[PDB]
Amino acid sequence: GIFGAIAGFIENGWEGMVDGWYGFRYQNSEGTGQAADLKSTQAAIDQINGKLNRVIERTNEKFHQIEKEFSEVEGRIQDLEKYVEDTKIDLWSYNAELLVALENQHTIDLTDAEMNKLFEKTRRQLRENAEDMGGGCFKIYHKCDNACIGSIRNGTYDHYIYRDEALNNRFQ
């Protein structure tokens, strides 16, 4: 993927995460946990639903047209009727092939980006209290219980409270 997160620096997806598309796994003083992140899940879902609505259920109404199958051999004008139909069909066939190729490329990329964004948002919250371990994991250098983890999931973690503790553990 173009953002390098999904099937990139994150090794694989989690089959046991059934209540969201993106989220967190953690280990702290209270055990080990999993939690879906709703905001990033909903952002991907909305985008995909937008794609779907634009493409799906908007057919044109057509009525009387030209003939398209023939019993008699005729020549010049039947040739034209067939070539006109054949030309139409190939052009729509191409439109359909391209549309799906472009959309799919874009869907894979937009979902990759959401993962990368969620990772970057976590890095920003944590400031100087964590280091990037790789594999999409942070080492948080301070005691961080389920409520602390909660504040990170909620976007209200306050790095300042833990900074002294964490700076101590990082550089000794």
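The numbering used is simple: start at 1 and walk along the sequence shown.
The stretch with the higher mean CA B factor, choosing between 118-126 and 58-66, is 58-66.
Across the two stretches, 141-149 and 102-110, the PDB entry reports the greater mean Cα temperature factor for 141-149. Among all modelled residues in its chain, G31 ranks in the highest third by Cα B-factor. Residue-level temperature factors show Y160 in the highest third of its chain, judged at the C-alpha atom. Per-chain ranking of the deposited C-alpha B factor places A7 in the middle third.
Ranked by C-alpha B-factor against the other modelled residues of its chain, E72 falls in the highest third.
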